[PDB]
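Next comes target_10.cif, a file with mmCIF, N, CA and C atoms.
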data_entry
#
loop_
_atom_site.label_atom_id
_atom_site.label_comp_id
_atom_site.auth_asym_id
_atom_site.auth_seq_id
_atom_site.Cartn_x
_atom_site.Cartn_y
_atom_site.Cartn_z
N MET A 57 -10.85 -19.68 -15.28
CA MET A 57 -10.62 -19.33 -16.72
C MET A 57 -10.52 -17.80 -16.87
N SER A 58 -9.69 -17.33 -17.81
CA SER A 58 -9.46 -15.90 -18.12
C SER A 58 -10.62 -15.37 -18.97
N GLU A 59 -11.92 -18.05 -20.11
CA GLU A 59 -12.04 -17.23 -21.35
C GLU A 59 -13.27 -16.31 -21.27
N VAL A 60 -14.36 -16.78 -20.63
CA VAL A 60 -15.65 -16.04 -20.46
C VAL A 60 -15.39 -14.75 -19.66
N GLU A 61 -14.73 -14.86 -18.50
CA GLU A 61 -14.56 -13.75 -17.52
C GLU A 61 -13.68 -12.63 -18.10
N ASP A 62 -12.88 -12.90 -19.15
CA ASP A 62 -12.02 -11.90 -19.84
C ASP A 62 -12.84 -11.19 -20.93
N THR A 63 -13.50 -11.95 -21.81
CA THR A 63 -14.37 -11.44 -22.91
C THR A 63 -15.42 -10.49 -22.31
N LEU A 64 -16.03 -10.87 -21.19
CA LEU A 64 -17.02 -10.05 -20.44
C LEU A 64 -16.36 -8.77 -19.92
N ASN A 65 -15.10 -8.86 -19.45
CA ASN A 65 -14.29 -7.69 -19.01
C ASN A 65 -13.95 -6.82 -20.23
N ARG A 66 -13.68 -7.44 -21.39
CA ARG A 66 -13.26 -6.77 -22.65
C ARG A 66 -14.40 -5.92 -23.21
N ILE A 67 -15.62 -6.46 -23.27
CA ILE A 67 -16.82 -5.77 -23.85
C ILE A 67 -17.24 -4.60 -22.94
N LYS A 68 -16.97 -4.68 -21.63
CA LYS A 68 -17.24 -3.58 -20.66
C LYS A 68 -16.26 -2.43 -20.91
N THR A 69 -14.96 -2.74 -20.97
CA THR A 69 -13.86 -1.77 -21.22
C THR A 69 -14.04 -1.10 -22.59
N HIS A 70 -14.60 -1.83 -23.56
CA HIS A 70 -14.89 -1.35 -24.94
C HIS A 70 -15.67 -0.03 -24.87
N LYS A 71 -15.27 0.95 -25.69
CA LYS A 71 -15.83 2.33 -25.70
C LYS A 71 -17.28 2.29 -26.21
N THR A 72 -18.11 3.22 -25.73
CA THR A 72 -19.56 3.38 -26.06
C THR A 72 -20.31 2.09 -25.70
N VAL A 73 -20.19 1.64 -24.45
CA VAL A 73 -20.98 0.53 -23.84
C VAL A 73 -21.29 0.93 -22.39
N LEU A 74 -22.57 1.05 -22.04
CA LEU A 74 -23.01 1.56 -20.71
C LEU A 74 -22.74 0.50 -19.64
N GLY A 75 -23.03 -0.78 -19.92
CA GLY A 75 -22.74 -1.90 -19.01
C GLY A 75 -23.32 -3.22 -19.51
N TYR A 76 -22.67 -4.33 -19.15
CA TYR A 76 -23.12 -5.72 -19.43
C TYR A 76 -23.69 -6.30 -18.12
N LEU A 77 -24.88 -6.91 -18.19
CA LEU A 77 -25.60 -7.47 -17.02
C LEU A 77 -26.05 -8.90 -17.35
N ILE A 78 -25.59 -9.88 -16.55
CA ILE A 78 -26.00 -11.31 -16.65
C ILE A 78 -27.28 -11.48 -15.82
N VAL A 79 -28.35 -11.98 -16.45
CA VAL A 79 -29.63 -12.33 -15.78
C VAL A 79 -29.69 -13.85 -15.63
N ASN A 80 -30.06 -14.33 -14.44
CA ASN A 80 -30.34 -15.76 -14.15
C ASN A 80 -31.73 -16.09 -14.72
N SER A 81 -31.94 -17.34 -15.13
CA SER A 81 -33.20 -17.87 -15.72
C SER A 81 -34.42 -17.52 -14.85
N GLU A 82 -34.22 -17.35 -13.53
CA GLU A 82 -35.27 -16.98 -12.54
C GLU A 82 -35.25 -15.46 -12.27
N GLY A 83 -34.94 -14.64 -13.28
CA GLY A 83 -34.97 -13.16 -13.22
C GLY A 83 -34.12 -12.60 -12.09
N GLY A 84 -32.90 -13.12 -11.92
CA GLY A 84 -31.94 -12.71 -10.87
C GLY A 84 -30.65 -12.18 -11.46
N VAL A 85 -29.94 -11.32 -10.71
CA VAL A 85 -28.68 -10.63 -11.14
C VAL A 85 -27.48 -11.46 -10.65
N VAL A 86 -26.71 -12.03 -11.58
CA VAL A 86 -25.45 -12.78 -11.30
C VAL A 86 -24.29 -11.78 -11.29
N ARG A 87 -24.17 -10.98 -12.36
CA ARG A 87 -23.21 -9.84 -12.49
C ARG A 87 -23.95 -8.65 -13.12
N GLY A 88 -23.77 -7.44 -12.56
CA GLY A 88 -24.41 -6.19 -13.01
C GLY A 88 -23.45 -5.01 -12.92
N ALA A 89 -23.00 -4.50 -14.08
CA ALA A 89 -21.85 -3.58 -14.21
C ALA A 89 -22.28 -2.26 -14.86
N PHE A 90 -23.37 -1.65 -14.37
CA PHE A 90 -23.86 -0.31 -14.79
C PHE A 90 -23.40 0.74 -13.76
N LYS A 91 -23.59 2.02 -14.09
CA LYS A 91 -23.16 3.19 -13.26
C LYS A 91 -24.14 3.35 -12.09
N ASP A 92 -25.40 3.71 -12.37
CA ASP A 92 -26.48 3.90 -11.36
C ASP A 92 -27.21 2.58 -11.15
N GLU A 93 -27.58 2.28 -9.90
CA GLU A 93 -28.18 0.99 -9.46
C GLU A 93 -29.65 0.89 -9.92
N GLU A 94 -30.38 2.01 -9.93
CA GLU A 94 -31.81 2.08 -10.37
C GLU A 94 -31.95 1.46 -11.77
N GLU A 95 -31.10 1.87 -12.71
CA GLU A 95 -31.04 1.34 -14.10
C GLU A 95 -30.80 -0.17 -14.08
N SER A 96 -29.82 -0.64 -13.28
CA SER A 96 -29.41 -2.06 -13.18
C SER A 96 -30.54 -2.91 -12.58
N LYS A 97 -31.19 -2.42 -11.52
CA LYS A 97 -32.38 -3.05 -10.88
C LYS A 97 -33.54 -3.09 -11.88
N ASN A 98 -33.78 -1.98 -12.59
CA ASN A 98 -34.85 -1.82 -13.61
C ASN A 98 -34.62 -2.80 -14.77
N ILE A 99 -33.38 -2.89 -15.26
CA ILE A 99 -32.96 -3.80 -16.37
C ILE A 99 -33.09 -5.26 -15.92
N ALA A 100 -32.76 -5.55 -14.65
CA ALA A 100 -32.80 -6.91 -14.06
C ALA A 100 -34.23 -7.47 -14.05
N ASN A 101 -35.24 -6.61 -13.87
CA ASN A 101 -36.67 -7.00 -13.73
C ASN A 101 -37.36 -6.97 -15.10
N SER A 102 -37.16 -5.90 -15.88
CA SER A 102 -37.99 -5.53 -17.05
C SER A 102 -37.60 -6.33 -18.30
N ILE A 103 -36.30 -6.35 -18.66
CA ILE A 103 -35.78 -6.88 -19.96
C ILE A 103 -35.97 -8.39 -20.07
N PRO A 104 -35.66 -9.24 -19.05
CA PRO A 104 -35.85 -10.68 -19.19
C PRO A 104 -37.31 -11.13 -19.43
N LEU A 105 -38.30 -10.28 -19.10
CA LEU A 105 -39.74 -10.51 -19.42
C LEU A 105 -39.98 -10.24 -20.91
N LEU A 106 -39.36 -9.19 -21.46
CA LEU A 106 -39.41 -8.84 -22.92
C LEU A 106 -38.82 -9.99 -23.75
N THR A 107 -37.74 -10.62 -23.27
CA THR A 107 -37.01 -11.70 -23.99
C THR A 107 -37.83 -13.00 -23.98
N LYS A 108 -38.51 -13.28 -22.86
CA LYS A 108 -39.44 -14.44 -22.71
C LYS A 108 -40.67 -14.21 -23.60
N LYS A 109 -41.21 -12.99 -23.61
CA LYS A 109 -42.35 -12.56 -24.47
C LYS A 109 -41.93 -12.60 -25.95
N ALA A 110 -40.69 -12.18 -26.26
CA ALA A 110 -40.11 -12.18 -27.62
C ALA A 110 -39.72 -13.60 -28.05
N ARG A 111 -39.44 -14.49 -27.09
CA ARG A 111 -39.17 -15.93 -27.37
C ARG A 111 -40.47 -16.61 -27.83
N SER A 112 -41.60 -16.30 -27.19
CA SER A 112 -42.95 -16.85 -27.53
C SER A 112 -43.39 -16.38 -28.93
N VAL A 113 -42.91 -15.22 -29.39
CA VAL A 113 -43.22 -14.65 -30.74
C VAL A 113 -42.58 -15.55 -31.81
N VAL A 114 -41.26 -15.74 -31.75
CA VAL A 114 -40.49 -16.58 -32.72
C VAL A 114 -40.96 -18.04 -32.63
N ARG A 115 -41.36 -18.49 -31.44
CA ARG A 115 -41.75 -19.90 -31.15
C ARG A 115 -43.10 -20.25 -31.81
N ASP A 116 -44.09 -19.36 -31.73
CA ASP A 116 -45.45 -19.55 -32.30
C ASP A 116 -45.35 -19.83 -33.81
N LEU A 117 -44.53 -19.05 -34.53
CA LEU A 117 -44.39 -19.12 -36.01
C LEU A 117 -43.74 -20.46 -36.41
N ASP A 118 -42.83 -20.98 -35.58
CA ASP A 118 -42.09 -22.25 -35.82
C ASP A 118 -41.58 -22.80 -34.49
N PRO A 119 -42.28 -23.77 -33.85
CA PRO A 119 -41.89 -24.27 -32.52
C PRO A 119 -40.65 -25.18 -32.45
N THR A 120 -39.98 -25.45 -33.58
CA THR A 120 -38.59 -26.01 -33.61
C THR A 120 -37.59 -24.88 -33.34
N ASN A 121 -37.78 -23.74 -34.01
CA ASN A 121 -36.83 -22.60 -34.08
C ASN A 121 -36.92 -21.76 -32.79
N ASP A 122 -35.84 -21.74 -32.00
CA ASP A 122 -35.73 -21.04 -30.69
C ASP A 122 -34.90 -19.76 -30.87
N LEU A 123 -35.07 -18.78 -29.97
CA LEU A 123 -34.31 -17.50 -29.96
C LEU A 123 -32.83 -17.79 -29.66
N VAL A 124 -31.93 -17.29 -30.51
CA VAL A 124 -30.45 -17.38 -30.36
C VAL A 124 -29.90 -16.01 -29.92
N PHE A 125 -30.50 -14.90 -30.39
CA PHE A 125 -30.02 -13.52 -30.15
C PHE A 125 -31.12 -12.50 -30.50
N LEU A 126 -31.44 -11.60 -29.57
CA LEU A 126 -32.44 -10.50 -29.72
C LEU A 126 -31.71 -9.16 -29.62
N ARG A 127 -31.94 -8.27 -30.60
CA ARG A 127 -31.44 -6.86 -30.61
C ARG A 127 -32.63 -5.93 -30.85
N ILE A 128 -33.00 -5.14 -29.83
CA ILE A 128 -33.89 -3.95 -29.96
C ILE A 128 -33.00 -2.75 -30.27
N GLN A 129 -33.55 -1.71 -30.91
CA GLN A 129 -32.84 -0.43 -31.21
C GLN A 129 -33.77 0.74 -30.88
N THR A 130 -33.44 1.51 -29.84
CA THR A 130 -34.21 2.69 -29.37
C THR A 130 -33.65 3.95 -30.05
N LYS A 131 -34.25 5.11 -29.76
CA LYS A 131 -33.90 6.42 -30.35
C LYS A 131 -32.45 6.76 -30.00
N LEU A 132 -32.13 6.79 -28.71
CA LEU A 132 -30.79 7.18 -28.17
C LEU A 132 -29.90 5.93 -28.03
N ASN A 133 -30.45 4.84 -27.50
CA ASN A 133 -29.69 3.63 -27.07
C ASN A 133 -29.97 2.47 -28.04
N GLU A 134 -29.13 1.42 -27.99
CA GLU A 134 -29.45 0.04 -28.46
C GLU A 134 -29.48 -0.88 -27.24
N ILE A 135 -30.27 -1.95 -27.30
CA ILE A 135 -30.40 -2.99 -26.24
C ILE A 135 -30.24 -4.35 -26.91
N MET A 136 -29.17 -5.07 -26.58
CA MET A 136 -28.80 -6.37 -27.20
C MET A 136 -28.75 -7.45 -26.12
N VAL A 137 -29.42 -8.57 -26.36
CA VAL A 137 -29.61 -9.69 -25.40
C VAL A 137 -29.28 -11.01 -26.11
N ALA A 138 -28.44 -11.84 -25.49
CA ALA A 138 -28.07 -13.20 -25.98
C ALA A 138 -28.61 -14.23 -24.99
N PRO A 139 -29.85 -14.72 -25.18
CA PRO A 139 -30.48 -15.59 -24.19
C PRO A 139 -30.00 -17.05 -24.32
N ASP A 140 -29.81 -17.71 -23.18
CA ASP A 140 -29.57 -19.18 -23.08
C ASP A 140 -30.45 -19.72 -21.94
N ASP A 141 -30.55 -21.05 -21.82
CA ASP A 141 -31.46 -21.73 -20.86
C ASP A 141 -30.96 -21.51 -19.42
N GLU A 142 -29.65 -21.61 -19.18
CA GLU A 142 -29.03 -21.42 -17.84
C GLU A 142 -29.00 -19.93 -17.50
N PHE A 143 -28.41 -19.10 -18.36
CA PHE A 143 -28.22 -17.63 -18.16
C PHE A 143 -28.57 -16.85 -19.43
N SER A 144 -28.84 -15.55 -19.26
CA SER A 144 -29.04 -14.55 -20.34
C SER A 144 -28.06 -13.40 -20.14
N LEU A 145 -27.32 -13.03 -21.19
CA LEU A 145 -26.40 -11.86 -21.23
C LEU A 145 -27.15 -10.68 -21.85
N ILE A 146 -27.12 -9.51 -21.20
CA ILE A 146 -27.75 -8.25 -21.67
C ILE A 146 -26.67 -7.16 -21.72
N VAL A 147 -26.73 -6.28 -22.73
CA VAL A 147 -25.84 -5.10 -22.91
C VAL A 147 -26.70 -3.90 -23.33
N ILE A 148 -26.22 -2.69 -23.05
CA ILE A 148 -26.77 -1.41 -23.59
C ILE A 148 -25.63 -0.63 -24.25
N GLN A 149 -25.66 -0.53 -25.59
CA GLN A 149 -24.67 0.20 -26.42
C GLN A 149 -25.34 1.44 -27.01
N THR A 150 -24.76 2.63 -26.79
CA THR A 150 -25.22 3.90 -27.42
C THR A 150 -24.83 3.87 -28.91
N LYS A 151 -25.76 4.27 -29.78
CA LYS A 151 -25.62 4.27 -31.26
C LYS A 151 -24.63 5.38 -31.67
N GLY A 152 -23.71 5.07 -32.59
CA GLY A 152 -22.64 5.98 -33.05
C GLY A 152 -23.18 7.11 -33.90
N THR B 161 -127.73 -44.13 42.75
CA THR B 161 -127.99 -45.59 42.89
C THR B 161 -128.16 -46.23 41.50
N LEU B 162 -128.63 -45.49 40.49
CA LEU B 162 -128.80 -46.02 39.10
C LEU B 162 -127.44 -46.16 38.39
N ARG B 163 -126.50 -45.23 38.59
CA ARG B 163 -125.12 -45.29 38.02
C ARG B 163 -124.24 -46.25 38.82
N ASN B 164 -123.89 -47.38 38.22
CA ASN B 164 -123.22 -48.51 38.89
C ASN B 164 -121.74 -48.54 38.48
N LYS B 165 -121.04 -49.64 38.78
CA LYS B 165 -119.70 -49.98 38.25
C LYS B 165 -119.85 -50.90 37.04
N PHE B 166 -120.98 -51.62 36.95
CA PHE B 166 -121.31 -52.57 35.86
C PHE B 166 -122.50 -52.02 35.06
N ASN B 167 -122.66 -50.69 35.07
CA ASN B 167 -123.63 -49.93 34.25
C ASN B 167 -123.06 -48.55 33.89
N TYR B 168 -121.74 -48.35 33.97
CA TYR B 168 -121.04 -47.09 33.59
C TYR B 168 -119.53 -47.19 33.86
N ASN B 169 -118.83 -48.14 33.22
CA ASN B 169 -117.36 -48.25 33.33
C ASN B 169 -116.73 -46.90 32.94
N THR B 170 -115.44 -46.64 33.24
CA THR B 170 -114.81 -45.29 33.07
C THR B 170 -113.36 -45.37 32.56
N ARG B 171 -113.19 -45.57 31.26
CA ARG B 171 -111.89 -45.94 30.63
C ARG B 171 -111.08 -44.65 30.42
N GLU B 172 -109.75 -44.77 30.46
CA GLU B 172 -108.78 -43.70 30.08
C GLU B 172 -108.14 -44.11 28.75
N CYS B 173 -107.94 -43.16 27.85
CA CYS B 173 -107.31 -43.38 26.52
C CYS B 173 -106.54 -42.13 26.08
N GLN B 174 -105.25 -42.29 25.78
CA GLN B 174 -104.43 -41.27 25.07
C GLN B 174 -103.80 -41.90 23.83
N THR B 175 -103.29 -41.04 22.95
CA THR B 175 -102.59 -41.38 21.69
C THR B 175 -101.10 -41.19 21.93
N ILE B 176 -100.25 -41.92 21.19
CA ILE B 176 -98.77 -41.86 21.36
C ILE B 176 -98.26 -40.66 20.56
N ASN B 177 -97.75 -39.64 21.25
CA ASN B 177 -97.30 -38.35 20.66
C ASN B 177 -95.77 -38.31 20.71
N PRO B 178 -95.08 -38.08 19.57
CA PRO B 178 -93.62 -37.94 19.59
C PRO B 178 -93.23 -36.59 20.22
N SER B 179 -92.19 -36.61 21.07
CA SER B 179 -91.62 -35.41 21.74
C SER B 179 -91.06 -34.46 20.68
N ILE B 180 -91.39 -33.17 20.77
CA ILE B 180 -90.92 -32.12 19.81
C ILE B 180 -89.42 -31.87 20.07
N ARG B 181 -88.68 -31.50 19.02
CA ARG B 181 -87.20 -31.37 19.05
C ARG B 181 -86.75 -30.35 18.00
N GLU B 182 -85.83 -29.44 18.34
CA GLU B 182 -85.45 -28.26 17.52
C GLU B 182 -83.98 -28.38 17.12
N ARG B 183 -83.70 -28.52 15.82
CA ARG B 183 -82.35 -28.85 15.28
C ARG B 183 -81.96 -27.85 14.18
N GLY B 184 -80.65 -27.66 14.00
CA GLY B 184 -80.04 -26.75 13.02
C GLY B 184 -79.26 -27.50 11.97
N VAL B 185 -79.38 -27.09 10.70
CA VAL B 185 -78.67 -27.71 9.55
C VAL B 185 -78.26 -26.61 8.57
N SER B 186 -76.95 -26.34 8.49
CA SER B 186 -76.30 -25.35 7.58
C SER B 186 -75.61 -26.09 6.43
N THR B 187 -76.06 -25.87 5.19
CA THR B 187 -75.49 -26.49 3.96
C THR B 187 -74.70 -25.44 3.18
N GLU B 188 -73.38 -25.61 3.08
CA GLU B 188 -72.45 -24.70 2.37
C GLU B 188 -71.84 -25.46 1.20
N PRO B 189 -71.95 -24.96 -0.06
CA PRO B 189 -71.50 -25.70 -1.24
C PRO B 189 -69.98 -25.82 -1.31
N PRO B 190 -69.43 -26.72 -2.17
CA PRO B 190 -67.98 -26.91 -2.27
C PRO B 190 -67.26 -25.59 -2.50
N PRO B 191 -66.07 -25.36 -1.88
CA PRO B 191 -65.25 -24.18 -2.19
C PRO B 191 -64.96 -24.08 -3.70
N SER B 192 -64.94 -22.86 -4.25
CA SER B 192 -64.72 -22.56 -5.69
C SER B 192 -63.41 -21.78 -5.88
N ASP B 193 -62.38 -22.43 -6.42
CA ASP B 193 -61.00 -21.88 -6.56
C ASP B 193 -60.81 -21.28 -7.96
N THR B 194 -60.27 -20.05 -8.03
CA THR B 194 -59.80 -19.40 -9.28
C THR B 194 -58.61 -20.18 -9.84
N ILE B 195 -58.62 -20.47 -11.14
CA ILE B 195 -57.47 -21.04 -11.90
C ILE B 195 -57.18 -20.13 -13.09
N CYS B 196 -55.89 -19.88 -13.36
CA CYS B 196 -55.39 -19.08 -14.51
C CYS B 196 -54.45 -19.95 -15.35
N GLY B 197 -54.83 -20.25 -16.59
CA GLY B 197 -54.03 -21.01 -17.56
C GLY B 197 -53.86 -20.23 -18.85
N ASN B 198 -52.64 -20.22 -19.40
CA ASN B 198 -52.33 -19.66 -20.74
C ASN B 198 -51.88 -20.82 -21.62
N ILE B 199 -52.28 -20.80 -22.89
CA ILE B 199 -51.86 -21.82 -23.89
C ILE B 199 -51.37 -21.10 -25.14
N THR B 200 -50.15 -21.44 -25.56
CA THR B 200 -49.48 -20.95 -26.78
C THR B 200 -49.15 -22.17 -27.64
N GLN B 201 -48.85 -21.95 -28.92
CA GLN B 201 -48.60 -23.05 -29.88
C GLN B 201 -47.39 -23.88 -29.42
N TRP B 202 -46.35 -23.22 -28.88
CA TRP B 202 -45.08 -23.86 -28.44
C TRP B 202 -45.32 -24.74 -27.21
N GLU B 203 -46.04 -24.24 -26.21
CA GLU B 203 -46.29 -24.96 -24.92
C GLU B 203 -47.09 -26.24 -25.18
N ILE B 204 -48.05 -26.20 -26.12
CA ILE B 204 -48.80 -27.39 -26.62
C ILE B 204 -47.78 -28.38 -27.19
N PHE B 205 -47.04 -27.95 -28.21
CA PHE B 205 -46.04 -28.77 -28.94
C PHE B 205 -44.97 -29.28 -27.98
N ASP B 206 -44.52 -28.46 -27.03
CA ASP B 206 -43.41 -28.80 -26.08
C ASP B 206 -43.80 -30.06 -25.31
N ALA B 207 -45.02 -30.08 -24.76
CA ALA B 207 -45.64 -31.25 -24.09
C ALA B 207 -45.76 -32.39 -25.11
N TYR B 208 -46.37 -32.11 -26.27
CA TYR B 208 -46.61 -33.06 -27.39
C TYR B 208 -45.28 -33.72 -27.78
N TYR B 209 -44.21 -32.92 -27.91
CA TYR B 209 -42.84 -33.36 -28.31
C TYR B 209 -42.24 -34.28 -27.24
#

So, in terms of structure tokens, how does the structure I just supplied come out?
Amino acid sequence: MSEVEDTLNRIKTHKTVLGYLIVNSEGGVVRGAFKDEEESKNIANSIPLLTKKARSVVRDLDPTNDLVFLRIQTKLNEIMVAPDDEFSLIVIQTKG
Amino acid sequence: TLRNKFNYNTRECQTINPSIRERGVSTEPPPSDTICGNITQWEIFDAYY
């Protein structure tokens, strides 16, 4: 298919995006498209724990209602994560 | 001549003594294993569901 593998190529090519990284449910790197490897390795380990911890937050308040999309916003950067059961998509977009 | 065989018999008598014996017995209690469990409202319900 062109459709997932093209959209993922499109959001990378898109201006003011550092890189898109797919995390496996077992905290593993399927695709990692950042500049420096330290950042990509760091993002691969650190962020999927925040999303699991942030999933337990929304879950406690209402255990029917599951996480569909998490967006953190830092001083310099934004961090946006779209979690699913099979895979999790992560991006880092610099604020305009 | 006064001390006879039928005026001073000479009996032997001992008591039955058990033989002494030296044994070792080491008692060590059941092994004690660390367990770590976390419970959240969702994990309860997830099982319950």

| task | Can you pull out every residue within 12 Å of residue A:131, counting only C-alpha atoms, but drop anything in the same chain fewer than 3 positions away, and send it as number ranges by chain? | result | A: 128, 134-135, 149-152

| said: Distance limit 8 Å, atoms considered: all atoms listed in the file. Which chain B residues sit that close to chain A? Return them as a PyMOL selection string. | reply: chain B and resi 200-203+205-206

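Atom pair atom CA of residue A:70 / atom C of residue A:85: separated by 21.6 Å.
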
| message | List as a PyMOL selection string the protein and nucleic acid residues near residue A:144, meaning an atom at most 7 Å away when all atoms listed in the file are counted, but skip any in the same chain fewer than 6 places from it. | response | chain A and resi 77-81+137-138

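Computed from the coordinates, the atom N of residue A:104 to atom N of residue A:124 distance equals 14.5 Å.
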
| Given the PyMOL selection byres (((chain A and resi 67 and name CA) around 12) and name CA), the residues it picks as a ChimeraX atom specification | /A:60-66,68-77,89,145-149

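If you look at atom CA of residue B:192 and atom N of residue B:207, they are 28.4 Å away from each other.
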
| task | Step one, run DSSP on the backbone; step two, keep only residues of chain B assigned to alpha helix (DSSP H); then write them as an MDAnalysis selection string. | result | chainID B and resid 201:208
